[PDB]
Amino acid sequence: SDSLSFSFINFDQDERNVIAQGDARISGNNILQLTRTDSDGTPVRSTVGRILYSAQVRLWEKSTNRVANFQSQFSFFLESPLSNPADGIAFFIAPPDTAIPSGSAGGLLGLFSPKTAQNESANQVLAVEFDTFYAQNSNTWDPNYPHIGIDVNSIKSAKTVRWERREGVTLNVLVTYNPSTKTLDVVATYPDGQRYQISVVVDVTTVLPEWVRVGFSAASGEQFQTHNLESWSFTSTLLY
Amino acid sequence: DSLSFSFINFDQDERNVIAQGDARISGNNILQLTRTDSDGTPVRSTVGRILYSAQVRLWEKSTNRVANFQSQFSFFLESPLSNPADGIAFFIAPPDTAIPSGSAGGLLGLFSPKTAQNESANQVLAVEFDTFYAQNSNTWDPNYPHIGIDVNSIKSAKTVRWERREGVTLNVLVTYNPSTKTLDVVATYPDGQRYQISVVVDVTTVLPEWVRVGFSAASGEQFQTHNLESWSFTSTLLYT
Ligand SMILES: CO[C@H]1O[C@H](CO)[C@@H](O)[C@H](O[C@H]2O[C@H](CO)[C@@H](O)[C@H](O)[C@@H]2O)[C@@H]1O
Ligand SMILES: CO[C@H]1O[C@H](CO)[C@@H](O)[C@H](O[C@H]2O[C@H](CO)[C@@H](O)[C@H](O)[C@@H]2O)[C@@H]1O
Ligand SMILES: *[C@@H]1O[C@H](CO)[C@@H](O)[C@H](O)[C@H]1NC(C)=O
Ligand SMILES: *[C@@H]1O[C@H](CO)[C@@H](O)[C@H](O)[C@H]1NC(C)=O
Ligand SMILES: [Ca+2]
Ligand SMILES: [Ca+2]
Ligand SMILES: [Mn+2]
Ligand SMILES: [Mn+2]
């Protein structure tokens, strides 16, 4: 597999190329609802939901030293009745058999396990998070404000940019990886043009195995919010 | 909504290919569809096929959408025979398509003998590169080597005369334009010799909404290797 690209303008309830994990569901409105809701559609506590595209991505090839670029465009919105809505949605890359880690329903966003969430040598996850909950005595790894973060085998982001949550408002996001500069880029924009940028230098060949899957994860612990992905398009090309 | 992938060559640890029958990846990273012996010599009575694992949304009734697609591939054939058989085809079929019974020969791994010329029993769209045409056996063929477009029948809706070139790679582009409902084929040899064949066909009447795409080849009493060097594919669903 030298390249893979796909696009979801919206989500089909009869979608064939998605792996749904945990509470992830596609609504009759063609929205992917990651975290669980009750019978009235209200977000609930202690829920994790993830999707992965079924086709695997060859992110790099050790035997010829090729490394893939990639680009992921998506838009999402969050809804909650709470003052401190939690926990956040993330675009992430992980090994093809990745499953929801134990104890990940909360600040670990469905991506990490508590005893190893800050130990990079125990993880294989590259993620772009949209973190809404940052209480310093529980989400201790976080900056003390909502943020967009790039996670490199740790729930403690290698870099963050301050971010404003907007109840029910769609955020459009472009994540790009340039192999030649080993730069992972993140641009996020609200409908009014309000923008957020963040980037890090990361060598994916030391962070992830050669074959990966790509997708999204969201979680709520004691505090909750819905995490609604509306669209997603991805592209990756393996290059010398 | 859309999908694209490419194989510059074939990885022996591929994850997104469904192989059927005798298809395998060689040490040169070539997809060898039909069976070969231990010296790489073609053998009788063999079918091999591959399908990309991710399913293609070829059309959607409820939104009156039909997808375009393009398939770019290079293959070469080798045989010691003066009448080498039977051919390779790019094809599209329902997602659970399996090698039909009796299809190791002129049916190209695509059709079953009883139903091979009965469009009412088949769900196959294919572009075939047919090297064997003996009129008392492959009665459905024209009496010469040919490239043909097959619509639910081994009897091509249209063919163009073609020349087989031993061991030479043929470059093929197949495109489907849903606004003109035209499937066309441009095949080119390295010296520039070109072949053109096209058919007005409405995919919504020949194939289900969800399909898989790939290749098939076969040999019956006569034989040849059917070697796929590369394949790139893209498909986008558009309003019609
Ligand atoms: C109001 O709940 C906060 O305080 C509780 C007790 O001090 C914590 O248990 C709780 O943490 C859990 O929920 C948060 C928010 O969903 C989550 O980030 C964390 O991982 C725990 O699951 C929260 O801090
Ligand atoms: C030399 O074999 C030819 O004549 C034989 C006797 O009539 C046929 O059996 C034979 O047909 C089978 O092989 C061909 C070539 O591989 C294939 O096209 C056909 O489907 C049969 O499997 C061939 O015509
Ligand atoms: C980090 O994880 C590694 C194994 O992946 C382990 O050997 C090490 O003890 C861990 N370090 C800490 C501080 O937990
Ligand atoms: C053609 O196929 C259809 C559907 O399988 C079947 O009903 C019909 O009897 C066939 N006609 C023939 C055998 O010519
Ligand atoms: Ca957090
Ligand atoms: Ca034939
Ligand atoms: Mn964070
Ligand atoms: Mn033919």
Side-chain angles (χ1 to χ4, degrees), chain A residues 1-19 26 28-30 32 51-64 66 68-75 95-98 209-215 229-240, chain B residues 1-19 25 27 29-31 50-63 65 67-74 94-97 208-214 228-239:
Chain A
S1 272
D2 283 309
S3 78
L4 170 77
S5 76
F6 50 88
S7 71
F8 303 89
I9 292 153
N10 65 14
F11 290 94
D12 195 314
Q13 281 185 287
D14 190 36
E15 184 48 59
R16 317 281 179 92
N17 306 315
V18 168
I19 301 155
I26 294 166
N29 252 335
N30 315 111
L32 169 68
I51 52 136
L52 297 156
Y53 197 82
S54 61
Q56 300 184 32
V57 172
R58 184 70 172 258
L59 181 54
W60 59 290
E61 181 172 49
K62 199 180 202 89
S63 74
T64 59
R66 298 189 290 156
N69 60 46
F70 62 79
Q71 221 172 299
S72 175
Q73 172 86 48
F74 53 98
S75 51
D97 56 353
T98 176
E210 284 185 289
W211 287 94
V212 300
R213 279 188 167 113
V214 306
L229 180 63
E230 301 165 84
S231 51
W232 178 30
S233 56
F234 176 89
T235 185
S236 175
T237 303
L238 180 67
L239 297 171
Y240 269 105
Chain B
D1 288 307
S2 90
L3 169 83
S4 84
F5 53 80
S6 75
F7 301 84
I8 294 156
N9 59 22
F10 288 91
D11 194 311
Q12 290 174 276
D13 191 38
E14 189 59 64
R15 320 285 183 87
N16 306 320
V17 168
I18 298 159
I25 318 287
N29 299 285
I30 291 163
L31 179 63
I50 61 145
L51 296 158
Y52 194 80
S53 52
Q55 302 187 29
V56 172
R57 187 62 177 270
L58 185 56
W59 54 286
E60 178 178 57
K61 184 224 62 74
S62 61
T63 60
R65 280 189 304 161
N68 60 43
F69 57 83
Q70 290 191 48
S71 188
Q72 173 77 47
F73 52 95
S74 295
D96 64 340
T97 181
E209 278 202 351
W210 282 99
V211 306
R212 277 190 167 104
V213 303
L228 184 79
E229 179 176 302
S230 62
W231 178 30
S232 67
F233 181 86
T234 179
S235 179
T236 308
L237 194 57
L238 321 169
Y239 289 94

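The figures here come from the full heavy-atom set of this structure, side chains too, leaving out hydrogens, waters and symmetry mates. Labels below follow one simple rule: chain letters A, B, ... track the order of the sequence lines, proteins then strands, and each chain is numbered from 1.
Contacts between A:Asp14 and chain B at a heavy-atom distance below 4.5 Å involve backbone atoms as well as side-chain atoms. With a 4.5 Å cut-off on non-hydrogen atoms, A:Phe234 does not touch chain B at all. The contact between B:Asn16 and chain A is made entirely by side chain atoms (from C-beta outward), counting heavy-atom distances below 4.5 Å. Proximity to chain B (any heavy atom under 4.5 Å) is shown, for A:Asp2, by both the backbone and the side chain.
Here the closest heavy-atom approach between residue B:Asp11 and residue A:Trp211 is recorded as OD2-CZ2, 4.4 Å. The heavy-atom pair separating B:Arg15 from A:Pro96 by the smallest distance is NH1-CG, 4.2 Å. Smallest separation of non-hydrogen atoms from B:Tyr52 and A:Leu4: OH-CD1, 3.4 Å.
Separating the CD1 atom in B:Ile8 from the OG atom in A:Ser1 is a distance of 10.5 Å, to the nearest 0.5 Å.
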